[PDB]
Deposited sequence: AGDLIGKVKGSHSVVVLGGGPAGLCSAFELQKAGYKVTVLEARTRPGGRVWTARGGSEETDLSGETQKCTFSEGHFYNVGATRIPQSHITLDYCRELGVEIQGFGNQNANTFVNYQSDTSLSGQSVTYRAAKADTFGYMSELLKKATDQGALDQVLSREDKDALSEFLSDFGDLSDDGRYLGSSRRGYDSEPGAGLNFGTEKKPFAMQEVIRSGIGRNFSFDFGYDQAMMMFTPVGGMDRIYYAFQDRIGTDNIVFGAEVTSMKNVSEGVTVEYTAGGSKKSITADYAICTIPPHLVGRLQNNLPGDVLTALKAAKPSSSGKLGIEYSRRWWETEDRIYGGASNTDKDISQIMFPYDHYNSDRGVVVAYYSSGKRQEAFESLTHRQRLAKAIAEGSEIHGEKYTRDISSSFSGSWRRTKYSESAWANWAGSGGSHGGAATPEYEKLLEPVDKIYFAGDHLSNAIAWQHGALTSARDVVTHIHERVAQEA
């Protein structure tokens, strides 16, 4: 248990029913606090949003999209993947939310980059790219070692041990050269009898280096990205519907747009509009999880140095687009089951689904891009976004990318009401971040921006837990 049982009658109002808000309310309720959550949207989860058939969204440009994905088919427009260390998995267990493997690495997906080589714009599988890169890397370090270049820092025994590793890691010939490998894959698959198949031949050392085909390999090593990675069966939003149900909808007001938040003699008073009607609630403490750039728009009595600190958490651009295909060509033709293709094109990456394997249809994330390469979609209409995503995807996966398209749905987080940002980018552990960890009398800020895991649910959930702990210790004093 996070905290013990509270003695007496104590109330909290939670602004925002995303992960930080719902986790706060869940934990406070467990301990015996009175809690009310005010959420502007008509769904729980915030930047955890799962698009299915029937989903409707009107963005800040006034364009309304209506998702028409087939029954049971979806994609996560925000959060989609979870590493093994995150407390998100602990809450999945507590809430009874089934998880499954998320394909965050795949030998069969493609890399495709521009360069001053003949590989420019050419799709190469990860396994082929890796075998060539690690083959030539190993050959080069083995050459230097045999030449005696590392004799000052490696003993004879060190050199022999290193050589053994390099021959294995690079699949080097007996004389220490990279000549290609079964690790690259096969143009024709090995079968039975005298059907030996046909190995894919290697690129040259200069092609590999000058093409930069290994630029994305270190992604595999990210602490928060390395396999094994996980995701909830049926969508990430299931975590937050589970929180909703445990908290009880009697304790959550949806469609409730907060317009004012003030420290008062009697606690904290929050005004909000729900169903076109003006409402007000007062509680002993408030937990404000509204994104920091949106807090200054509220009528408030926050001190000037607090309003200035909130402005330091700069909005960031990111977005996604999902296409439902009526044929799972990526599985049938490319032998790709999950994972992502990676590119320097604006689409940035194409992410293939982790469910309905071997079914008749599925949703492909045709882009997940951020920063400059999301600015390139942000201002386009959905029809224009789709046309650009299909053109760029066809340059990676061929003309099959343009066929058997049923429907599509996009989100751009800077253009999304009640978000207007994918995640915070603090100006310059900064002074403004540290300032916002302190309560403003009875108002506490919480969210993934006030964590060391920004753009992870873990960040939001750990922020909620720390803030609930601080409120509880205060009440005990």
Deposited sequence versus model: which ranges have no CA atoms?
1-2, 431-438, 488-489
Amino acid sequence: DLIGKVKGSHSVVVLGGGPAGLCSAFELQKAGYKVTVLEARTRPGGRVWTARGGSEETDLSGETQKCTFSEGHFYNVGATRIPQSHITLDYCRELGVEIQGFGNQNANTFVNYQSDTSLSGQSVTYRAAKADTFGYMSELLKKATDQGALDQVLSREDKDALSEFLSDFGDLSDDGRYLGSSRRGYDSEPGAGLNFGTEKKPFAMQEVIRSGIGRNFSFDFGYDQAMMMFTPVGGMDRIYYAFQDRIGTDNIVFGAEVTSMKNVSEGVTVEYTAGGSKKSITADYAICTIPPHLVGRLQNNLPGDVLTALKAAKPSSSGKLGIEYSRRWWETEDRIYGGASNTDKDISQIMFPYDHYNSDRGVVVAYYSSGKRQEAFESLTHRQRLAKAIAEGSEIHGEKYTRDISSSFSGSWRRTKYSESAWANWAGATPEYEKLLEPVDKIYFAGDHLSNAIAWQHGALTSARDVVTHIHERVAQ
From here on, numbers count along this sequence of modelled residues.
257-265 versus 180-188 - greater average Cα B-factor per the deposited record
257-265
Stretch with higher mean Cα temperature factor, 268-276 vs 313-321, is 268-276
Of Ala366, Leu307, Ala107, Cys92, which one's C-alpha B factor is largest in the deposited record?
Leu307
Quick one: which of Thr125, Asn358, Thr249, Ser85 has the biggest Cα B-factor according to the entry?
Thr249
In terms of the chain's CA B-factor thirds, is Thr469 lowest, middle or highest?
middle
What third of its chain, lowest, middle or highest, does the C-alpha temperature factor of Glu438 fall into?
highest
Can you work out whether the C-alpha temperature factor of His397 puts it in the lowest, middle or highest third of the chain?
middle
Based on the entry's values, in what third of the chain does the Cα temperature factor of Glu432 lie: lowest, middle or highest?
highest
What third of its chain's C-alpha B-factors does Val37 belong to: lowest, middle or highest?
middle
